[PDB]
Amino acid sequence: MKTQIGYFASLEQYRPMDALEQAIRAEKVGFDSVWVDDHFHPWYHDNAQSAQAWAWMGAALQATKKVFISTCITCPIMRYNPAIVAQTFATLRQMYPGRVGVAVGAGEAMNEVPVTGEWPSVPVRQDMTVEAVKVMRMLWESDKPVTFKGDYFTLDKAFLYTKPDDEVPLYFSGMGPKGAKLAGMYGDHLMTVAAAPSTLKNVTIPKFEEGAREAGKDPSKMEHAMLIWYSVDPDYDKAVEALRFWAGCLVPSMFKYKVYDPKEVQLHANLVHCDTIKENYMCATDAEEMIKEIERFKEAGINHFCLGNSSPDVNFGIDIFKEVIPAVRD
């Protein structure tokens, strides 16, 4: 599996047009792909945004030339109807052949609760996510209308009239052992986040491959993608503090509990310890340290990086990759 280096352009940390400009610059510097978060409420309250990802993606695909672009990730089970998610990405891939993907996952209360008032348990959301993926695949792959009455979703003589030449690649998010195994069973590739290399090497990747083998798949053709935030600045302290915005992602309960007010998510983010940030995220003072940070995750099994630029000087955070990319391979 070849190493791909992608850029995560946040619609929570930056205004959407600013994120679009970052994506264009990332492509020029040499990133292979661009990834974007799909949120309704942000992980932090102060100076935050939460732009709609699908509308932004149409603009980004049109503004760029060749990079692959995918969400990271799109929860297809509550505020979004899975058939509509299937239609959206099939449409974009027909418009921009070979440049479009989608990633899915069980959700976060901060996006789903504010607009539905509901929050089911983790096993129920995982179950809903598997059924959503089934719905998406039926629509992407069927040559005739399909009727389906699942436990959560319904299709009634549904057909996708707009399909791409080849199927949209589907990344499935798994953070815990059960989620990772489900990703191997139902996704084309793994997507993960907020894990230290040890967890990846010993739990996440092994469980993902176990799920793939149980389903009769060759895990060797399945990418291991991961969202990791980085901050690079000559002043180490300034670089580490600049990652504060994303500290809440390192609090496991934020992915399970019914917490959806960004002000309270921010309180938790502000309680995260500096060593937790340095252990999970990439804090670097120069290109050499960034290369080594990436290499420790490569050694753990990651081969498609989705790197979220949370650097004090955003443009430098992108530019410095002219030195990083060739050294890590792509």
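Residue numbers here begin at 1 and follow the sequence given.
- Look at the mean CA B-factor for 254 to 262 and for 78 to 86 in the entry; the higher one is 254 to 262.
- Annotation for 132 to 140 versus 118 to 126: the higher mean temperature factor (C-alpha) is found in 118 to 126.
- Comparing the listed residues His304, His268, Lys28, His41, the entry records the largest Cα B-factor for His268.
- Across the residues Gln49, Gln62, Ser70, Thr276, the deposited record lists the maximum Cα B factor for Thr276.
- Placement of the Cα temperature factor of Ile294 within the chain: highest third of the modelled residues, per the deposited record.
- Ranked by C-alpha B-factor against the other modelled residues of its chain, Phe208 falls in the middle third.
- Among the modelled residues of its chain, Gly216 has a C-alpha B-factor that falls in the highest third according to the deposited record.
- Annotation for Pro97: CA B-factor lies in the lowest third of the chain's modelled residues.
- Looking at the C-alpha B-factors along this chain, the one for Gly248 belongs to the middle third.
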